[PDB]
Amino acid sequence: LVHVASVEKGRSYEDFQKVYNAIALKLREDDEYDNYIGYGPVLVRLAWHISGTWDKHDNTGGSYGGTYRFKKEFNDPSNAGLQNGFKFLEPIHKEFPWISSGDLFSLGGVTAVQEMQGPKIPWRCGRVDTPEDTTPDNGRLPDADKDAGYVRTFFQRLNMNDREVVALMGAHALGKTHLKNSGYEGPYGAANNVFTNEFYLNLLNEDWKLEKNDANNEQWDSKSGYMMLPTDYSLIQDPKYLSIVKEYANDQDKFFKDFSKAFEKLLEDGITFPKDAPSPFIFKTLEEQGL
Ligand code: HEM
Ligand SMILES: [Cl-]
């Protein structure tokens with residue numbers, strides 16, 4: 001299975017900046033979503049979910065084909081709640097119908113991060129929509145009621161090492177859990193929508209209490225009102241993970257650099273970029289364009 005990246009016919013950087021801008025402006029506008037959290041978080045999650053289906057063994061799944069658009073993927077239980085990000089993007093696609101789905105779903109995540117004050121994430125276009133037959137079966141996304149070994153093992157399917165995993169998990173500083181979606185609840189709410197190394201600090205500084213929730217699942221609850229899933233908590237239980245955690249808790253810059261690299265990698269897994277492909281683009285935020 002090879003997936004070669006094919007630039008949307010005749011588009012350039014400028015073309016893509018526009019899609020970005022549209023997503024950005026819309027994020028700014030629809031600030032009421034989820035109790036005023038905005039769509040930032042959910043978009044980040046969607047980008048990760050259409051990408052985390054990848055299997056480095058046979059090259060199946062991954063962001064390339066925009067298969068989330070099909071029923072099977074779309075109705076994946078692990079995807080509960082993503083439907084809101086999709087609906088957010090809909091009108092956007094309608095405006096720029098030439099962009100492929102995989103490119104749009106992924107760009108939304110990049111836009112989200114950057115507009116949430118995260119680091120710049122270089123991005124490459126060229127994902128091509130593939131047929132319904134290429135939709136991976138459900139079951140490839142990770143479970144949350146596990147530990148460090150599970151996490152480690154899981155992520156290896158995606159080619160990510162310890163550092164990548166930890167860097168990537170720091171996205172958990174964002175948004176919140178919704179009982180109806182996953183069987184988890186909180187935080188008690190706050191929720192944040194600014195991208196910082198807060199996840200790490202919370203993990204190291206709070207006094208976590210293990211509790212069972214209304215859905216009968218365990219979660220770590222803090223007095224201050226925060227929450228952490230078992231997989232999240234596991235980062236402090238594993239010796240190797242813990243020191244990285246500590247490192248990020250101490251240096252937001254390091255965190256940002258590493259997150260950027262891992263996120264792009266995650267979004268590019270399984271794709272083959274021809275030699276003549278354009279380099280990755282770094283989009284300007286609204287603010288940088290005075291918009
Ligand atoms: C072991 C790995 C992971 C597990 C099991 C997992 C699980 C979860 C769960 C259960 C939710 C809450 C769903 C809800 O009820 O709406 C969630 C929230 C979300 N996750 Fe993850 N996640 C992990 C990795 C990721 C990574 C790698 C990212 C992206 C880099 C991500 C970003 C998010 C974001 C931004 C939210 C907040 C969504 C919102 O506010 O609607 N998580 N994650
Ligand atoms: Cl997630």
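Order of listing sets the numbers, starting from 1, for every ligand and every atom in it. Along the sequence shown, the residues carry numbers beginning at 1.
Set against the non-hydrogen atoms of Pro41, the atoms of ligand 1 under 4.0 Å away are 35 (C), 40 (O). Listed by number with element, the atoms of ligand 1 under 4.0 angstrom from any heavy atom of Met169 are 2 (C), 24 (C). Near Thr177, meaning under 4.0 Å from any of its heavy atoms, are these atoms of ligand 1: 12 (C), 14 (C), 15 (O). Listed by number with element, the atoms of ligand 1 under 4.0 angstrom from any heavy atom of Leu168 are 27 (C), 30 (C). Close contacts between ligand 1 and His178 involve ligand atoms 14 (C), 15 (O), 16 (O), 39 (C), 41 (O) [criterion: under 4.0 Å to a heavy atom]. Taking every heavy atom of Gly175 and a limit of under 4.0 angstrom, the matching atoms of ligand 1 come to 40 (O).
Polar contact check, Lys176 against ligand 1: a nitrogen or oxygen pair lies under 3.5 Å apart. Considering backbone and side-chain atoms alike, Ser182 places an N or O below 3.5 Å from some N or O of ligand 1. Polar contact check, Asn181 against ligand 1: a nitrogen or oxygen pair lies under 3.5 Å apart.
No more than 12 heavy atoms of other residues, nucleotides or ligands sit less than 6.0 Å from atom CG of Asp214. For NZ of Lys146, the number of neighbouring non-hydrogen atoms (other residues, nucleotides, ligands) closer than 6.0 Å is greater than 12.
Among residues two or more places apart in sequence or in another chain, the ring-ring contact (aromatic ring centres under 6.0 Å, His included) test is passed with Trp220 by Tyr233.
Residue contacts with ligand 1 include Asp143, since one of its heavy atoms falls under 4.0 Å from the ligand. The closest approach between a heavy atom of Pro142 and any atom of ligand 1 is below 4.0 Å.
When hydrophobic side chains of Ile, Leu, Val, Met, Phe, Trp and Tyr are connected at separations under 4.5 Å, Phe273 ends up clustered with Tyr64, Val128, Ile271.
Between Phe199 and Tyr248, the distance from one ring center to the other does not fall under 6.0 angstrom. Two rings, from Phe195 and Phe259, have their centers less than 6.0 Å apart.
Without hydrogens or angle criteria, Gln114 side chain to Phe283 main chain gives a donor-acceptor distance under 3.5 Å. Between the side chain of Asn197 and the main chain of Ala249, a donor-acceptor pair closer than 3.5 Å is present.
In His172, the N, O or S atom that comes nearest to atom 21 (Fe) of ligand 1 is NE2.
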